[PDB]
Every structure is written in C-alpha cells, then in structure tokens.
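In what follows, a single structure is set out as structure tokens and then discussed.
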Amino acid sequence: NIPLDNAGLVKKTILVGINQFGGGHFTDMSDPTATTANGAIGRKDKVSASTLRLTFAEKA
C-alpha cells in the first residue's frame, strides 16, 4: 500500500479561498470537462488548482 506522508515530499503548501469564489479552483467551476454546476468536485488534473501549482513550479 502507498504510504501517505507530506513531510519530505512537498515543500510548499497553499491555502486557497474562504468561499466558493476562491473554492471554484477545486470543483466543477474550473473544470472544462464537467457538465454540472452544482459545486461537485471535478477532476483534479482539469481544475485550475492544478494549473495554479503548475505555474508555481515552473516560475519558482
């Protein structure tokens, strides 16, 4: 089984959003493939959260 551990693996932790306006990066709001608009959690690779950390990685 794959062990779960953030220490030693991740170096930067990002806290995003207080409301659904900031929470749209982790749901179907930022998911192009998602069809619903009920705030369902979309695929992590397609939401803007993945792009948020992607531009962070290349810049830093």
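Each chain of the structure tokens is named A, B, ... in the order shown, its residues numbered from 1; ligands are numbered from 1 in display order.
Residues within 12 Å of region 35-44 of chain A, counting only C-alpha atoms and excluding same-chain residues fewer than 3 positions away, are residues 19, 20, 21, 23, 24, 25, 26, 27, 28, 29, 30, 31, 32, 47, 48, 49, 50, 51, 52 and 53 of chain A.
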Export, as a PDB file, in the first residue's frame, the selected residues with N, CA and C atoms.
ATOM      1  N   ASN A  19     -14.505  31.262   0.368  1.00  0.00           N
ATOM      2  CA  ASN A  19     -15.840  30.981  -0.133  1.00  0.00           C
ATOM      3  C   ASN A  19     -15.730  30.230  -1.453  1.00  0.00           C
ATOM      4  N   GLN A  20     -16.888  29.929  -2.044  1.00  0.00           N
ATOM      5  CA  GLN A  20     -16.915  29.224  -3.319  1.00  0.00           C
ATOM      6  C   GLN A  20     -16.249  30.021  -4.432  1.00  0.00           C
ATOM      7  N   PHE A  21     -16.141  31.344  -4.281  1.00  0.00           N
ATOM      8  CA  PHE A  21     -15.396  32.136  -5.254  1.00  0.00           C
ATOM      9  C   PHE A  21     -13.928  31.734  -5.274  1.00  0.00           C
ATOM     10  N   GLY A  23     -13.104  28.873  -3.772  1.00  0.00           N
ATOM     11  CA  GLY A  23     -13.250  27.436  -3.836  1.00  0.00           C
ATOM     12  C   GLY A  23     -13.576  26.880  -5.201  1.00  0.00           C
ATOM     13  N   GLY A  24     -13.755  27.744  -6.202  1.00  0.00           N
ATOM     14  CA  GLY A  24     -14.040  27.275  -7.545  1.00  0.00           C
ATOM     15  C   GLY A  24     -12.877  26.570  -8.208  1.00  0.00           C
ATOM     16  N   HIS A  25     -11.659  26.778  -7.707  1.00  0.00           N
ATOM     17  CA  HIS A  25     -10.484  26.126  -8.271  1.00  0.00           C
ATOM     18  C   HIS A  25     -10.420  24.640  -7.950  1.00  0.00           C
ATOM     19  N   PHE A  26     -11.232  24.155  -7.011  1.00  0.00           N
ATOM     20  CA  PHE A  26     -11.204  22.755  -6.607  1.00  0.00           C
ATOM     21  C   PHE A  26     -12.498  22.019  -6.932  1.00  0.00           C
ATOM     22  N   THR A  27     -13.353  22.583  -7.781  1.00  0.00           N
ATOM     23  CA  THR A  27     -14.645  21.982  -8.078  1.00  0.00           C
ATOM     24  C   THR A  27     -14.902  22.086  -9.578  1.00  0.00           C
ATOM     25  N   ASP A  28     -16.144  21.798  -9.972  1.00  0.00           N
ATOM     26  CA  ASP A  28     -16.535  21.803 -11.376  1.00  0.00           C
ATOM     27  C   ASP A  28     -16.550  23.196 -11.990  1.00  0.00           C
ATOM     28  N   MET A  29     -16.442  24.251 -11.178  1.00  0.00           N
ATOM     29  CA  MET A  29     -16.437  25.605 -11.721  1.00  0.00           C
ATOM     30  C   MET A  29     -15.251  25.821 -12.652  1.00  0.00           C
ATOM     31  N   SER A  30     -14.084  25.295 -12.286  1.00  0.00           N
ATOM     32  CA  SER A  30     -12.876  25.428 -13.086  1.00  0.00           C
ATOM     33  C   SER A  30     -12.594  24.197 -13.938  1.00  0.00           C
ATOM     34  N   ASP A  31     -13.552  23.275 -14.045  1.00  0.00           N
ATOM     35  CA  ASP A  31     -13.351  22.051 -14.805  1.00  0.00           C
ATOM     36  C   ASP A  31     -14.034  22.184 -16.158  1.00  0.00           C
ATOM     37  N   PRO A  32     -13.287  22.315 -17.257  1.00  0.00           N
ATOM     38  CA  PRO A  32     -13.936  22.393 -18.577  1.00  0.00           C
ATOM     39  C   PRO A  32     -14.737  21.154 -18.937  1.00  0.00           C
ATOM     40  N   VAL A  47      -9.007  20.937 -13.148  1.00  0.00           N
ATOM     41  CA  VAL A  47      -9.365  22.177 -12.471  1.00  0.00           C
ATOM     42  C   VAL A  47      -8.189  23.148 -12.497  1.00  0.00           C
ATOM     43  N   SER A  48      -8.494  24.418 -12.228  1.00  0.00           N
ATOM     44  CA  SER A  48      -7.470  25.457 -12.232  1.00  0.00           C
ATOM     45  C   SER A  48      -6.484  25.322 -11.081  1.00  0.00           C
ATOM     46  N   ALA A  49      -6.797  24.509 -10.068  1.00  0.00           N
ATOM     47  CA  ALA A  49      -5.854  24.297  -8.974  1.00  0.00           C
ATOM     48  C   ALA A  49      -4.574  23.640  -9.471  1.00  0.00           C
ATOM     49  N   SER A  50      -4.698  22.667 -10.376  1.00  0.00           N
ATOM     50  CA  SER A  50      -3.515  22.035 -10.950  1.00  0.00           C
ATOM     51  C   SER A  50      -2.678  23.043 -11.726  1.00  0.00           C
ATOM     52  N   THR A  51      -3.331  23.911 -12.502  1.00  0.00           N
ATOM     53  CA  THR A  51      -2.603  24.958 -13.209  1.00  0.00           C
ATOM     54  C   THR A  51      -2.011  25.977 -12.245  1.00  0.00           C
ATOM     55  N   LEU A  52      -2.672  26.209 -11.108  1.00  0.00           N
ATOM     56  CA  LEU A  52      -2.146  27.150 -10.125  1.00  0.00           C
ATOM     57  C   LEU A  52      -0.802  26.685  -9.579  1.00  0.00           C
ATOM     58  N   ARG A  53      -0.687  25.398  -9.249  1.00  0.00           N
ATOM     59  CA  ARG A  53       0.594  24.863  -8.810  1.00  0.00           C
ATOM     60  C   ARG A  53       1.552  24.631  -9.971  1.00  0.00           C
TER      61      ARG A  53
END
All helix (DSSP H, G or I) residues (DSSP, backbone) inside chain A, as a PyMOL selection string: chain A and resi 20-26+28-30+48-59
What's around residue 12 (chain A) at 12 Å? Count only C-alpha atoms, leave out sequence neighbours fewer than 5 positions away in its own chain, and write the answer as number ranges by chain. A: 6-7, 53, 56-57, 60
